[PDB]
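Student: See data21.pdb below, with PDB, C-alpha atoms and all ligand atoms.
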```
ATOM      1  CA  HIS A   1      56.923 -23.435  25.564
ATOM      2  CA  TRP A   2      56.209 -24.120  29.245
ATOM      3  CA  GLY A   3      55.257 -27.553  30.524
ATOM      4  CA  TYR A   4      56.032 -29.900  33.371
ATOM      5  CA  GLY A   5      59.152 -31.770  32.112
ATOM      6  CA  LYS A   6      62.767 -31.333  33.055
ATOM      7  CA  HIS A   7      63.591 -28.750  30.426
ATOM      8  CA  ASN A   8      60.451 -26.601  30.583
ATOM      9  CA  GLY A   9      59.002 -27.272  34.050
ATOM     10  CA  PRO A  10      58.150 -25.054  37.007
ATOM     11  CA  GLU A  11      61.792 -24.345  37.945
ATOM     12  CA  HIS A  12      62.157 -22.710  34.487
ATOM     13  CA  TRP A  13      58.916 -20.691  34.417
ATOM     14  CA  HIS A  14      60.464 -17.618  36.052
ATOM     15  CA  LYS A  15      62.530 -16.978  32.905
ATOM     16  CA  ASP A  16      59.438 -16.087  30.840
ATOM     17  CA  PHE A  17      57.074 -15.067  33.677
ATOM     18  CA  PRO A  18      59.129 -13.293  36.356
ATOM     19  CA  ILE A  19      55.978 -13.129  38.564
ATOM     20  CA  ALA A  20      56.834 -16.787  39.262
ATOM     21  CA  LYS A  21      58.975 -15.324  42.114
ATOM     22  CA  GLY A  22      56.370 -12.851  43.346
ATOM     23  CA  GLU A  23      54.848 -12.128  46.739
ATOM     24  CA  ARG A  24      51.532 -14.062  46.509
ATOM     25  CA  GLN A  25      52.231 -17.230  44.527
ATOM     26  CA  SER A  26      50.333 -20.504  44.796
ATOM     27  CA  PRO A  27      50.151 -23.308  45.736
ATOM     28  CA  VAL A  28      51.311 -23.243  49.358
ATOM     29  CA  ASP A  29      51.539 -25.705  52.187
ATOM     30  CA  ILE A  30      48.691 -25.383  54.672
ATOM     31  CA  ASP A  31      50.079 -25.627  58.217
ATOM     32  CA  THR A  32      46.947 -26.561  60.155
ATOM     33  CA  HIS A  33      48.479 -25.405  63.445
ATOM     34  CA  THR A  34      49.350 -21.879  62.350
ATOM     35  CA  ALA A  35      46.225 -21.244  60.267
ATOM     36  CA  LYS A  36      43.875 -18.927  62.120
ATOM     37  CA  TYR A  37      40.196 -19.363  62.973
ATOM     38  CA  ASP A  38      38.445 -16.331  61.527
ATOM     39  CA  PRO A  39      34.889 -16.213  62.951
ATOM     40  CA  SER A  40      34.087 -13.234  60.720
ATOM     41  CA  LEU A  41      34.105 -15.561  57.697
ATOM     42  CA  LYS A  42      30.659 -16.331  56.297
ATOM     43  CA  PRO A  43      29.768 -19.824  55.071
ATOM     44  CA  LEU A  44      30.309 -20.490  51.385
ATOM     45  CA  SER A  45      27.313 -20.171  49.081
ATOM     46  CA  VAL A  46      27.562 -22.526  46.088
ATOM     47  CA  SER A  47      24.684 -22.275  43.567
ATOM     48  CA  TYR A  48      25.310 -24.822  40.788
ATOM     49  CA  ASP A  49      21.710 -25.880  40.139
ATOM     50  CA  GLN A  50      21.402 -23.859  36.877
ATOM     51  CA  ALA A  51      24.937 -24.670  35.654
ATOM     52  CA  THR A  52      25.299 -25.153  31.893
ATOM     53  CA  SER A  53      28.325 -27.242  30.919
ATOM     54  CA  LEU A  54      29.431 -26.947  27.278
ATOM     55  CA  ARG A  55      32.437 -29.076  26.406
ATOM     56  CA  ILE A  56      35.640 -30.772  27.529
ATOM     57  CA  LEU A  57      39.052 -29.867  26.120
ATOM     58  CA  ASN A  58      42.524 -31.351  26.323
ATOM     59  CA  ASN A  59      44.682 -28.216  26.305
ATOM     60  CA  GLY A  60      48.061 -29.994  26.496
ATOM     61  CA  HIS A  61      48.682 -29.658  30.225
ATOM     62  CA  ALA A  62      45.296 -30.658  31.683
ATOM     63  CA  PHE A  63      41.697 -31.078  30.595
ATOM     64  CA  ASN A  64      39.072 -28.394  31.151
ATOM     65  CA  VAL A  65      35.309 -28.678  31.412
ATOM     66  CA  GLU A  66      33.852 -25.331  30.311
ATOM     67  CA  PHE A  67      30.570 -23.663  31.308
ATOM     68  CA  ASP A  68      28.224 -20.981  29.973
ATOM     69  CA  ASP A  69      29.408 -17.886  31.875
ATOM     70  CA  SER A  70      27.286 -15.342  29.957
ATOM     71  CA  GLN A  71      24.790 -15.179  32.851
ATOM     72  CA  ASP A  72      24.681 -15.793  36.571
ATOM     73  CA  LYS A  73      23.848 -19.504  36.340
ATOM     74  CA  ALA A  74      26.495 -21.231  38.495
ATOM     75  CA  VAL A  75      27.855 -18.845  41.080
ATOM     76  CA  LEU A  76      29.972 -18.743  44.217
ATOM     77  CA  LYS A  77      29.388 -16.184  46.958
ATOM     78  CA  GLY A  78      29.853 -15.849  50.667
ATOM     79  CA  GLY A  79      32.945 -17.136  52.371
ATOM     80  CA  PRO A  80      35.672 -14.495  52.201
ATOM     81  CA  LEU A  81      34.229 -13.191  48.933
ATOM     82  CA  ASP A  82      32.575  -9.855  48.361
ATOM     83  CA  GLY A  83      30.453  -9.963  45.239
ATOM     84  CA  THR A  84      29.329 -12.753  42.938
ATOM     85  CA  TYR A  85      31.663 -15.003  40.959
ATOM     86  CA  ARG A  86      30.643 -17.106  37.932
ATOM     87  CA  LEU A  87      31.907 -20.616  37.236
ATOM     88  CA  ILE A  88      33.834 -20.633  33.937
ATOM     89  CA  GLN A  89      35.681 -23.979  34.054
ATOM     90  CA  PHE A  90      37.010 -26.760  36.237
ATOM     91  CA  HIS A  91      40.117 -28.934  35.745
ATOM     92  CA  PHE A  92      42.315 -31.287  37.788
ATOM     93  CA  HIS A  93      45.920 -31.802  38.568
ATOM     94  CA  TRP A  94      47.142 -35.311  39.309
ATOM     95  CA  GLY A  95      50.247 -37.431  39.768
ATOM     96  CA  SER A  96      51.889 -40.500  38.288
ATOM     97  CA  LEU A  97      51.538 -42.151  41.717
ATOM     98  CA  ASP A  98      48.733 -42.129  44.293
ATOM     99  CA  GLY A  99      50.983 -40.379  46.860
ATOM    100  CA  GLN A 100      51.437 -37.200  44.817
ATOM    101  CA  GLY A 101      49.353 -35.066  42.553
ATOM    102  CA  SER A 102      47.786 -32.247  44.537
ATOM    103  CA  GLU A 103      49.068 -28.690  44.314
ATOM    104  CA  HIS A 104      48.184 -27.503  47.797
ATOM    105  CA  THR A 105      49.439 -29.698  50.638
ATOM    106  CA  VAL A 106      48.161 -30.056  54.212
ATOM    107  CA  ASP A 107      50.889 -30.339  56.850
ATOM    108  CA  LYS A 108      53.085 -31.349  53.888
ATOM    109  CA  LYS A 109      50.712 -34.234  53.058
ATOM    110  CA  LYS A 110      50.202 -34.652  49.292
ATOM    111  CA  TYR A 111      46.923 -35.942  47.874
ATOM    112  CA  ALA A 112      46.352 -37.966  44.709
ATOM    113  CA  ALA A 113      44.922 -34.962  42.802
ATOM    114  CA  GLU A 114      43.206 -31.581  43.161
ATOM    115  CA  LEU A 115      40.060 -30.310  41.556
ATOM    116  CA  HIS A 116      40.089 -26.581  40.711
ATOM    117  CA  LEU A 117      36.707 -24.882  40.048
ATOM    118  CA  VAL A 118      37.539 -21.480  38.520
ATOM    119  CA  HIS A 119      35.182 -18.532  39.068
ATOM    120  CA  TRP A 120      35.556 -14.866  38.104
ATOM    121  CA  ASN A 121      34.165 -11.679  39.677
ATOM    122  CA  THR A 122      31.195 -10.344  37.666
ATOM    123  CA  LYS A 123      31.988  -6.779  38.754
ATOM    124  CA  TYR A 124      34.741  -6.825  36.113
ATOM    125  CA  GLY A 125      32.631  -7.770  33.084
ATOM    126  CA  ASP A 126      34.606 -10.538  31.419
ATOM    127  CA  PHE A 127      37.164 -13.140  32.436
ATOM    128  CA  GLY A 128      39.972 -11.295  30.658
ATOM    129  CA  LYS A 129      39.514  -8.194  32.795
ATOM    130  CA  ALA A 130      39.023 -10.179  36.036
ATOM    131  CA  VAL A 131      42.484 -11.787  35.814
ATOM    132  CA  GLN A 132      44.068  -8.335  35.965
ATOM    133  CA  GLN A 133      42.585  -7.607  39.388
ATOM    134  CA  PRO A 134      43.694  -8.584  42.937
ATOM    135  CA  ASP A 135      40.196  -9.943  43.645
ATOM    136  CA  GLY A 136      39.406 -11.064  40.111
ATOM    137  CA  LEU A 137      39.276 -14.852  40.487
ATOM    138  CA  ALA A 138      38.075 -17.295  43.147
ATOM    139  CA  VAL A 139      39.231 -20.880  42.717
ATOM    140  CA  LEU A 140      37.648 -23.627  44.798
ATOM    141  CA  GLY A 141      40.223 -26.358  45.494
ATOM    142  CA  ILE A 142      39.113 -29.874  46.353
ATOM    143  CA  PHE A 143      41.502 -32.741  47.199
ATOM    144  CA  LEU A 144      41.065 -36.279  45.855
ATOM    145  CA  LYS A 145      41.988 -39.404  47.860
ATOM    146  CA  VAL A 146      42.142 -42.924  46.394
ATOM    147  CA  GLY A 147      39.399 -45.087  47.899
ATOM    148  CA  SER A 148      35.821 -45.784  46.859
ATOM    149  CA  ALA A 149      34.688 -44.519  43.465
ATOM    150  CA  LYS A 150      32.998 -41.148  43.148
ATOM    151  CA  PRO A 151      29.856 -41.755  41.046
ATOM    152  CA  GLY A 152      29.510 -38.177  39.810
ATOM    153  CA  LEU A 153      33.019 -38.218  38.385
ATOM    154  CA  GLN A 154      32.401 -41.221  36.137
ATOM    155  CA  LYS A 155      30.906 -39.295  33.227
ATOM    156  CA  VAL A 156      34.113 -37.239  33.062
ATOM    157  CA  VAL A 157      36.177 -40.446  33.196
ATOM    158  CA  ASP A 158      34.286 -42.141  30.369
ATOM    159  CA  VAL A 159      34.721 -39.271  27.880
ATOM    160  CA  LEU A 160      38.508 -38.934  28.362
ATOM    161  CA  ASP A 161      39.275 -41.347  25.493
ATOM    162  CA  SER A 162      37.762 -38.950  22.981
ATOM    163  CA  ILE A 163      40.126 -36.118  24.016
ATOM    164  CA  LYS A 164      43.298 -38.210  24.359
ATOM    165  CA  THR A 165      45.663 -35.737  22.685
ATOM    166  CA  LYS A 166      46.258 -31.990  22.882
ATOM    167  CA  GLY A 167      43.732 -29.814  21.081
ATOM    168  CA  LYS A 168      40.890 -32.345  21.065
ATOM    169  CA  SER A 169      37.519 -31.257  22.420
ATOM    170  CA  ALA A 170      34.182 -33.006  22.815
ATOM    171  CA  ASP A 171      30.648 -31.781  23.435
ATOM    172  CA  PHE A 172      29.922 -32.214  27.131
ATOM    173  CA  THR A 173      26.448 -30.968  28.051
ATOM    174  CA  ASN A 174      24.251 -31.450  31.119
ATOM    175  CA  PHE A 175      27.074 -32.295  33.495
ATOM    176  CA  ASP A 176      26.177 -31.258  37.024
ATOM    177  CA  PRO A 177      29.243 -30.143  39.056
ATOM    178  CA  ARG A 178      27.429 -30.686  42.365
ATOM    179  CA  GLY A 179      28.397 -34.368  42.116
ATOM    180  CA  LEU A 180      32.021 -33.380  42.782
ATOM    181  CA  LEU A 181      31.580 -31.618  46.114
ATOM    182  CA  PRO A 182      32.400 -33.152  49.518
ATOM    183  CA  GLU A 183      29.779 -33.296  52.288
ATOM    184  CA  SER A 184      31.176 -30.410  54.323
ATOM    185  CA  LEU A 185      32.094 -26.966  53.031
ATOM    186  CA  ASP A 186      34.619 -26.087  55.739
ATOM    187  CA  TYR A 187      37.648 -24.353  54.272
ATOM    188  CA  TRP A 188      40.911 -22.522  54.424
ATOM    189  CA  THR A 189      41.417 -19.299  52.448
ATOM    190  CA  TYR A 190      44.376 -17.127  51.476
ATOM    191  CA  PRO A 191      45.271 -14.741  48.623
ATOM    192  CA  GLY A 192      47.276 -16.380  45.859
ATOM    193  CA  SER A 193      47.866 -16.720  42.121
ATOM    194  CA  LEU A 194      47.195 -18.916  39.143
ATOM    195  CA  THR A 195      49.395 -22.003  39.456
ATOM    196  CA  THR A 196      50.242 -22.083  35.757
ATOM    197  CA  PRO A 197      51.486 -19.412  33.361
ATOM    198  CA  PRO A 198      50.923 -16.594  33.345
ATOM    199  CA  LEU A 199      50.798 -16.995  37.129
ATOM    200  CA  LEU A 200      48.811 -13.809  37.681
ATOM    201  CA  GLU A 201      48.314 -12.827  41.333
ATOM    202  CA  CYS A 202      44.558 -12.461  41.013
ATOM    203  CA  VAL A 203      43.123 -15.417  42.971
ATOM    204  CA  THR A 204      41.307 -15.784  46.271
ATOM    205  CA  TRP A 205      41.945 -19.434  47.033
ATOM    206  CA  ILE A 206      39.294 -21.477  48.840
ATOM    207  CA  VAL A 207      40.621 -24.938  49.730
ATOM    208  CA  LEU A 208      38.083 -27.344  51.223
ATOM    209  CA  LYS A 209      39.075 -29.328  54.288
ATOM    210  CA  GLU A 210      37.216 -32.483  53.282
ATOM    211  CA  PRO A 211      38.661 -34.547  50.407
ATOM    212  CA  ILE A 212      36.526 -36.592  48.044
ATOM    213  CA  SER A 213      37.491 -40.173  47.323
ATOM    214  CA  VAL A 214      37.806 -41.607  43.834
ATOM    215  CA  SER A 215      38.674 -45.128  42.886
ATOM    216  CA  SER A 216      42.058 -46.368  41.770
ATOM    217  CA  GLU A 217      40.516 -47.030  38.341
ATOM    218  CA  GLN A 218      39.138 -43.502  37.946
ATOM    219  CA  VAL A 219      42.548 -41.891  38.481
ATOM    220  CA  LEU A 220      44.196 -44.450  36.183
ATOM    221  CA  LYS A 221      42.114 -43.084  33.357
ATOM    222  CA  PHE A 222      43.417 -39.546  34.068
ATOM    223  CA  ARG A 223      46.984 -40.903  33.641
ATOM    224  CA  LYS A 224      46.312 -42.273  30.142
ATOM    225  CA  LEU A 225      45.930 -38.785  28.676
ATOM    226  CA  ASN A 226      48.540 -37.246  26.408
ATOM    227  CA  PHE A 227      50.465 -33.984  26.710
ATOM    228  CA  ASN A 228      51.343 -34.231  23.009
ATOM    229  CA  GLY A 229      49.184 -33.636  19.979
ATOM    230  CA  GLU A 230      48.071 -36.487  17.749
ATOM    231  CA  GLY A 231      50.841 -37.792  15.496
ATOM    232  CA  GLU A 232      53.527 -36.546  17.914
ATOM    233  CA  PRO A 233      55.462 -38.888  20.227
ATOM    234  CA  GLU A 234      53.478 -40.027  23.235
ATOM    235  CA  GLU A 235      54.083 -38.246  26.554
ATOM    236  CA  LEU A 236      51.689 -39.447  29.237
ATOM    237  CA  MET A 237      49.926 -36.545  30.944
ATOM    238  CA  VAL A 238      51.025 -37.019  34.584
ATOM    239  CA  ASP A 239      52.495 -34.851  37.345
ATOM    240  CA  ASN A 240      50.929 -31.609  36.061
ATOM    241  CA  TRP A 241      51.229 -29.954  39.479
ATOM    242  CA  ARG A 242      53.273 -27.017  40.639
ATOM    243  CA  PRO A 243      55.249 -27.453  43.900
ATOM    244  CA  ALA A 244      54.376 -25.424  46.982
ATOM    245  CA  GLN A 245      55.665 -21.833  47.064
ATOM    246  CA  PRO A 246      56.787 -19.729  50.063
ATOM    247  CA  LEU A 247      53.976 -18.232  52.102
ATOM    248  CA  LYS A 248      55.983 -15.009  52.766
ATOM    249  CA  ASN A 249      53.773 -12.166  54.105
ATOM    250  CA  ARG A 250      50.421 -14.036  53.972
ATOM    251  CA  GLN A 251      48.219 -15.671  56.558
ATOM    252  CA  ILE A 252      45.961 -18.655  56.005
ATOM    253  CA  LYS A 253      42.582 -18.251  57.674
ATOM    254  CA  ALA A 254      40.216 -21.102  58.505
ATOM    255  CA  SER A 255      36.432 -21.126  58.685
ATOM    256  CA  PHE A 256      36.386 -23.833  61.339
ATOM    257  CA  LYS A 257      37.624 -24.560  64.857
TER     258      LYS A 257
HETATM  259 ZN    ZN B 301      44.519 -25.690  38.560
END
```
What does this structure look like when you write it as structure tokens?
Ligand SMILES: [Zn+2]

Tutor:
Amino acid sequence: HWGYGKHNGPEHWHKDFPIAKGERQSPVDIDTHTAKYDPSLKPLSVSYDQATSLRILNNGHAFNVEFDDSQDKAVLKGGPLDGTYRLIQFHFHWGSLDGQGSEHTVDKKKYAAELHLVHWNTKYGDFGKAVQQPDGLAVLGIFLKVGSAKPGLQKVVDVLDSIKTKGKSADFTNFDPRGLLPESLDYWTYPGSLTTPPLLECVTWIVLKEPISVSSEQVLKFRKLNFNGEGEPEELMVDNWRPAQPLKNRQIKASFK
């Protein structure tokens, strides 16, 4: 099945998901000098105050924190978006070394990790129908830099031991995702895809300019997770990032001068 190793990694994905070679694939490198100020972009509207987190799951290539998406409780609007999108999950991708890990790059600079907050367009009724639509998903991408610890990440860090191996899940209530946001909400935006199978081209990407810092010891605990299931041989969960894909016929717009 697909993964991130030598024999089943991103260079092999096209064999089972030919959209891997499509026209609007993600991630991409963000060339800050050719991105375009768009003054018609509205500011982002992030409303996470009523968010209801449910649980945390090792799914064998990352770890997801899931949310109640049966009602408008944690929503994203504004920006380049038309309509309301509900938060369904967030996850991270990260590297084996501090100098790699992010999926998007900025002027070919790699960050230590990226946070992806996945939202779907309520217009379409359920998440399964949203992913079939050009404007079905909106993912908010946030870069992580190694520096001072991020307090609001620590509750995620401390539960990771209970979901070491693939398939394990733990109750994870009352987590507030506002602790993960940077100070500024300036961003770049472009149309893209999921970065993992099935790589559907259904995503409006919103990548924040400002990284958040986490400590060396927080990201170490990410790296002690396990791709394998319990009882299987131990593969450390690291380098679960897809390399940048050609921009082709797309333009990256910025919300800031
Ligand atoms: Zn992701």

Student: Please find the residues contacting ligand ZN 301 (chain B) at a distance of at most 12 Å between atoms, with all atoms listed in the file counted, and report them as a PyMOL selection string.

Tutor: chain A and resi 26-27+61-64+89-94+101-104+113-119+138-143+193-197+199+203+205+207+240-242

Student: Name every residue that the PyMOL selection byres (((chain A and resi 107) around 6) and not hetatm) selects in this structure, writing the answer as number ranges by chain with chains first and numbers rising.

Tutor: A: 30-31, 106, 108-109

Student: Can you spell out as number ranges by chain the set of residues that the PyMOL selection byres (((chain A and resi 136) around 7) and not hetatm) selects in the structure I just provided?

Tutor: A: 120-121, 130-135, 137, 202-203

Student: Compare A:84, A:2, A:28, A:98 by their minimum atom-to-atom distance to residue 15 in chain A, counting all atoms listed in the file, and give me the closest one.

Tutor: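 Checking each candidate against residue 15 in chain A, we get A:2 as the closest.
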
Student: If the PyMOL selection byres (((chain A and resi 32) around 12) and not hetatm) were run on this exact file, what residues would it hold? Put them as a PyMOL selection string.

Tutor: chain A and resi 29-31+33-37+105-109+187-189+209+251-257

Student: Could you write out the selected residues, including C-alpha atoms, as a PDB file, in the coordinates of the input?

Tutor:
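That gives us selection-v9.pdb:
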```
ATOM      1  CA  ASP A  29      51.539 -25.705  52.187  1.00  0.00           C
ATOM      2  CA  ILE A  30      48.691 -25.383  54.672  1.00  0.00           C
ATOM      3  CA  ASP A  31      50.079 -25.627  58.217  1.00  0.00           C
ATOM      4  CA  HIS A  33      48.479 -25.405  63.445  1.00  0.00           C
ATOM      5  CA  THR A  34      49.350 -21.879  62.350  1.00  0.00           C
ATOM      6  CA  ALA A  35      46.225 -21.244  60.267  1.00  0.00           C
ATOM      7  CA  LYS A  36      43.875 -18.927  62.120  1.00  0.00           C
ATOM      8  CA  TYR A  37      40.196 -19.363  62.973  1.00  0.00           C
ATOM      9  CA  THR A 105      49.439 -29.698  50.638  1.00  0.00           C
ATOM     10  CA  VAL A 106      48.161 -30.056  54.212  1.00  0.00           C
ATOM     11  CA  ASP A 107      50.889 -30.339  56.850  1.00  0.00           C
ATOM     12  CA  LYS A 108      53.085 -31.349  53.888  1.00  0.00           C
ATOM     13  CA  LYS A 109      50.712 -34.234  53.058  1.00  0.00           C
ATOM     14  CA  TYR A 187      37.648 -24.353  54.272  1.00  0.00           C
ATOM     15  CA  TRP A 188      40.911 -22.522  54.424  1.00  0.00           C
ATOM     16  CA  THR A 189      41.417 -19.299  52.448  1.00  0.00           C
ATOM     17  CA  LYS A 209      39.075 -29.328  54.288  1.00  0.00           C
ATOM     18  CA  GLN A 251      48.219 -15.671  56.558  1.00  0.00           C
ATOM     19  CA  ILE A 252      45.961 -18.655  56.005  1.00  0.00           C
ATOM     20  CA  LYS A 253      42.582 -18.251  57.674  1.00  0.00           C
ATOM     21  CA  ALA A 254      40.216 -21.102  58.505  1.00  0.00           C
ATOM     22  CA  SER A 255      36.432 -21.126  58.685  1.00  0.00           C
ATOM     23  CA  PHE A 256      36.386 -23.833  61.339  1.00  0.00           C
ATOM     24  CA  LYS A 257      37.624 -24.560  64.857  1.00  0.00           C
TER      25      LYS A 257
END
```

Student: Mind listing as a short mmCIF file (atom, residue, chain, number, x, y, z; two decimals) with C-alpha atoms, in the frame of the given file all residues within 9 Å of (26.5, -17.9, 30.1), counting all atoms listed in the file?

Tutor:
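Saved result, point_38.cif, follows:
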```cif
data_model
loop_
_atom_site.label_atom_id
_atom_site.label_comp_id
_atom_site.auth_asym_id
_atom_site.auth_seq_id
_atom_site.Cartn_x
_atom_site.Cartn_y
_atom_site.Cartn_z
CA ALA A 51 24.94 -24.67 35.65
CA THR A 52 25.30 -25.15 31.89
CA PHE A 67 30.57 -23.66 31.31
CA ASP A 68 28.22 -20.98 29.97
CA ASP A 69 29.41 -17.89 31.88
CA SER A 70 27.29 -15.34 29.96
CA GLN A 71 24.79 -15.18 32.85
CA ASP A 72 24.68 -15.79 36.57
CA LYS A 73 23.85 -19.50 36.34
CA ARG A 86 30.64 -17.11 37.93
CA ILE A 88 33.83 -20.63 33.94
#
```

Student: Which residue out of A:129, A:66, A:166, A:226 has the minimum interatomic distance to residue 54 in chain A when all atoms listed in the file are used?

Tutor: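 Closest to residue 54 in chain A, using all atoms listed in the file: A:66.
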
Student: What separation in Å, quoted to one decimal, exists between CA of residue 39 in chain A and CA of residue 183 in chain A?

Tutor: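 Those two atoms sit 20.8 Å apart.
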
Student: Sort by chain and increasing residue number a table of all residues of range 93-167 of chain A within 7 Å of range 212-221 of chain A, each with its closest pair of atoms and their distance in Å to one decimal, counting only C-alpha atoms, and write it as JSON lines.

Tutor:
```
{"residue": "A:143", "atom": "CA", "partner": "A:212", "partner_atom": "CA", "distance": 6.3}
{"residue": "A:144", "atom": "CA", "partner": "A:212", "partner_atom": "CA", "distance": 5.0}
{"residue": "A:145", "atom": "CA", "partner": "A:213", "partner_atom": "CA", "distance": 4.6}
{"residue": "A:146", "atom": "CA", "partner": "A:214", "partner_atom": "CA", "distance": 5.2}
{"residue": "A:147", "atom": "CA", "partner": "A:215", "partner_atom": "CA", "distance": 5.1}
{"residue": "A:148", "atom": "CA", "partner": "A:215", "partner_atom": "CA", "distance": 4.9}
{"residue": "A:149", "atom": "CA", "partner": "A:215", "partner_atom": "CA", "distance": 4.1}
{"residue": "A:150", "atom": "CA", "partner": "A:214", "partner_atom": "CA", "distance": 4.9}
{"residue": "A:157", "atom": "CA", "partner": "A:218", "partner_atom": "CA", "distance": 6.4}
```

Student: Quick one: pull the distance between CA of residue 171 in chain A and CA of residue 87 in chain A, Å, one decimal.

Tutor: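 Pair CA of residue 171 in chain A / CA of residue 87 in chain A returns 17.8 Å.
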
Student: Between A:80, A:123, A:162, A:42, which is the closest to residue 230 in chain A once you count only C-alpha atoms?

Tutor: A:162

Student: In Å, how far is it from CA of residue 239 in chain A to CA of residue 100 in chain A?

Tutor: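 Between these atoms lies a distance of 7.9 Å.
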
Student: Looking at A:235, A:161, A:49, A:11, which one is nearest to residue 222 in chain A, with distances taken over only C-alpha atoms?

Tutor: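 Distance minimum relative to residue 222 in chain A lands on A:161.
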
Student: Would you mind putting N, CA, C and O atoms back on range 77-88 of chain A and writing the result as a compact mmCIF listing (two decimals), in the frame of the given file?

Tutor:
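The file below, part.txt, is the result:
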```
# COMPACT_ATOMS: atom_id res chain seq x y z
N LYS A 77 29.43 -17.39 46.15
CA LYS A 77 29.39 -16.18 46.96
C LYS A 77 29.63 -16.57 48.40
O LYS A 77 29.77 -17.76 48.72
N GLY A 78 29.61 -15.57 49.27
CA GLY A 78 29.85 -15.85 50.67
C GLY A 78 31.32 -16.14 50.91
O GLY A 78 32.20 -15.72 50.15
N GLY A 79 31.58 -16.86 51.99
CA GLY A 79 32.94 -17.14 52.37
C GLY A 79 33.68 -15.84 52.62
O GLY A 79 33.16 -14.91 53.23
N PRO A 80 34.92 -15.75 52.12
CA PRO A 80 35.67 -14.50 52.20
C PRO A 80 35.39 -13.55 51.05
O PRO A 80 36.06 -12.53 50.94
N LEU A 81 34.43 -13.89 50.19
CA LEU A 81 34.23 -13.19 48.93
C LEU A 81 33.27 -12.03 49.12
O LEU A 81 32.33 -12.09 49.91
N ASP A 82 33.50 -10.97 48.36
CA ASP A 82 32.58 -9.86 48.36
C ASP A 82 32.19 -9.65 46.91
O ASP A 82 33.03 -9.33 46.07
N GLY A 83 30.93 -9.91 46.60
CA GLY A 83 30.45 -9.96 45.24
C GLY A 83 30.21 -11.40 44.79
O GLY A 83 30.43 -12.36 45.53
N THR A 84 29.77 -11.51 43.55
CA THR A 84 29.33 -12.75 42.94
C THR A 84 30.35 -13.21 41.91
O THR A 84 30.74 -12.42 41.04
N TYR A 85 30.76 -14.48 41.97
CA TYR A 85 31.66 -15.00 40.96
C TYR A 85 31.01 -16.13 40.16
O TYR A 85 30.38 -17.02 40.74
N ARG A 86 31.19 -16.10 38.84
CA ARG A 86 30.64 -17.11 37.93
C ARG A 86 31.63 -18.23 37.65
O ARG A 86 32.81 -17.98 37.36
N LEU A 87 31.12 -19.45 37.63
CA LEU A 87 31.91 -20.62 37.24
C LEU A 87 32.17 -20.57 35.73
O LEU A 87 31.24 -20.50 34.93
N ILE A 88 33.44 -20.62 35.34
CA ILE A 88 33.83 -20.63 33.94
C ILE A 88 34.37 -22.00 33.51
O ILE A 88 34.07 -22.46 32.41
```
